[PDB]
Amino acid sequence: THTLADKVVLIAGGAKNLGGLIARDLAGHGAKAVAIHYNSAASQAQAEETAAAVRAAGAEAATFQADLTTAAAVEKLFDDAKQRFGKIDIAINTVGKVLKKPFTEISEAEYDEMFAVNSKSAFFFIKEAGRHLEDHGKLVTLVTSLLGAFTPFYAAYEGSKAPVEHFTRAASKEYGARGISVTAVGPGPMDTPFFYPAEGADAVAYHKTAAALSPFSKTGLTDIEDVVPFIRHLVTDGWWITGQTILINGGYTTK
């Protein structure tokens, strides 16, 4: 079946911003339960409000804290969510971190955290989804539209999201025998608290006018409410899309 009925969703980064809206959207469109992962203690209140909204929208909900930069923490998240809800059908990973800096200034500490958050956590999320998802399940990871760009300053960000496209290719081939669809989604720069800290005033002005459809979103950036319906499609009637990394950005970059 290609609806949300009886489906259990796990969302890494599901407490706020894009993931918190996915949680509300999939619940409201009929999902059975949403396992809501969050990382920082400052995100807990949003995680609990997201859980309450999921319940009001008709689904069960539970929250799970973890730092997902270790393989064991990812395994434990899947184990704990499956223990709570009995199965996992749809696994969506929004975990990420941005850095914008000249290549010659990027420290080892910055490299290490960028790759642990954007590459390693995504690898083990894909691994553990392969070990835990029900047959015919869904696996989606968030990347960046900068994978289609030719631009300075994002070496550690663009470079640490790049593995996900290739993880998605391999997992699509390896998990397809069980009916699982595996995709990666790259929004344009989005109007969320994730975007602004890395971007000076000139850069923000550029990003806000760089998409063909910029005049028609709220700020000129990608709005999360225009990303969630595509994720909903991929995990329902868009199941035949697999092994692809797709850019949803208002006409910002292409590939």
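Don't overthink the numbering: it's just position in the shown sequence, from 1.
Self-check item: Higher-B stretch (mean Cα B-factor, as the entry records it), 27 to 35 or 201 to 209
Solution: Looking at the recorded C-alpha B-factors, 201 to 209 comes out higher on average.
Practice problem: Using only the Cα atoms and their B-factors as the entry lists them, report which of 181 to 189 and 78 to 86 averages higher. | Solution: Stretch with the greater average CA B-factor: 78 to 86.
Self-check item: Criterion, highest CA B-factor; candidates, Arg131, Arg169, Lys138, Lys97
Solution: By C-alpha B-factor in the record, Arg131 ranks first.
Quiz item: Based on the entry's values, in what third of the chain does the Cα temperature factor of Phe216 lie: lowest, middle or highest?
Solution: For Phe216, whose C-alpha B-factor we compare with every modelled residue in the chain, the answer is the highest third.
Quiz prompt | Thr222, C-alpha B-factor rank within chain (lowest, middle or highest third) | solution = Answer is lowest: the recorded C-alpha B-factor places it there.
Self-check item: Chain third (lowest, middle, highest) by recorded CA B-factor, residue given as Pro163
Solution: For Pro163, the deposited C-alpha B-factor lands in the lowest third.
Quiz item: Compared with the other modelled residues in the chain, in which third is the CA B-factor of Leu146?
Solution: According to the entry, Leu146 has a C-alpha B-factor in the chain's middle third.
Self-check item: Lowest, middle or highest third - CA B-factor, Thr104
Solution: Ranked within chain, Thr104 CA B lands in the highest tercile.
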